[PDB]
Amino acid sequence: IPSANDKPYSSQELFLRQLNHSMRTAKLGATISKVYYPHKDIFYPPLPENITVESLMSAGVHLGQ
RNA sequence: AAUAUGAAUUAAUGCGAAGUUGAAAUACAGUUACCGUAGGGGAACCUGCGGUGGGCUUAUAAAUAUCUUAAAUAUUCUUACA
Ligand SMILES: [K+]
Ligand SMILES: [K+]
Ligand SMILES: [K+]
Ligand SMILES: [Mg+2]
Ligand SMILES: [Mg+2]
Ligand SMILES: [Mg+2]
Ligand SMILES: [Mg+2]
Ligand SMILES: [Mg+2]
Ligand SMILES: [Mg+2]
Ligand SMILES: [Mg+2]
């Protein structure tokens, strides 16, 4: 329900105004490299041929009981 | 002297039925049982001394618990970013 052009933004409009900022501006200034994101293990798993000892070790697979 | 036989005479024991006097054992069996040994008692048994567990491992709380960006940021994310 858009608000009148004279009235201030509603709570819903502020949320959509923030979502617009999040897509464009919020990620300006730098990119992030070589940082582990937990979700990417599930959604971007590597292929078996590209797995290294380093990758297995980074995941903690070597830590037994 | 040995072997065999019978033997006066005399000792131990099994089974069978079948009651009698008690109630010793199996449960904490109503006094823990049993082993060795000694004494005593109608009968099982009772008592002393040490031993054994084939009886007590059957074992189960005097309680007290802590601070960093709660999110425009983690929570979403589908091979993308890099
Ligand atoms: K007895
Ligand atoms: K005895
Ligand atoms: K005795
Ligand atoms: Mg008696
Ligand atoms: Mg008795
Ligand atoms: Mg008894
Ligand atoms: Mg006596
Ligand atoms: Mg005794
Ligand atoms: Mg017993
Ligand atoms: Mg026992």
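Chain letters run A, B, ... following the sequence lines, proteins first and then strands; every chain starts at 1.
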For this session: Quick one: classify the glycosidic conformation of B:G53 as syn or anti, with syn meaning within 90° of 0.
Result: anti
Exercise. Can you tell me if CG on A:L28 sees more than 12 non-hydrogen neighbours from other groups inside 6.0 Å?
Worked result: yes
Exercise. Which base sits across from B:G54 as a Watson-Crick or G-U pair, both distances under 3.5 Å?
Worked result: none
Exercise. Does the ring of B:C77 sit north or south, if a positive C1'-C2'-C3'-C4' angle means north and a negative one means south?
Worked result: south
Exercise. Based on the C1'-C2'-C3'-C4' dihedral, does B:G50 have a north or a south sugar?
Worked result: north
Exercise. Syn versus anti for B:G54, judged by chi lying within 90° of 0?
Worked result: syn
Exercise. So what does A:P46 touch, heavy atoms closer than 4.0 Å: a base, only the sugar-phosphate, or nothing?
Worked result: nothing
For this session: Return the value, rounded to whole Å, for the distance between atom OH of A:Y37 and atom P of B:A74.
Result: 8 Å
For this session: State the pairing partner of B:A38; accept Watson-Crick or G-U wobble contacts with both distances under 3.5 Å, and report none otherwise.
Result: B:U47
For this session: Select base, sugar-phosphate, or nothing to describe what A:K40 touches, counting heavy atoms under 4.0 Å on all strands.
Result: base
Problem set entry | Watson-Crick or G-U wobble mate for B:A4, both contacts under 3.5 Å | none
For this session: If B:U10 has a Watson-Crick or G-U wobble mate with both distances under 3.5 Å, name it; if not, just say none.
Result: none
For this session: Measure from the side-chain heavy atoms of A:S33 and tell me the nearest of B:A72, B:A82, B:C77.
Result: B:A82
Exercise. Based on the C1'-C2'-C3'-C4' dihedral, does B:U79 have a north or a south sugar?
Worked result: south
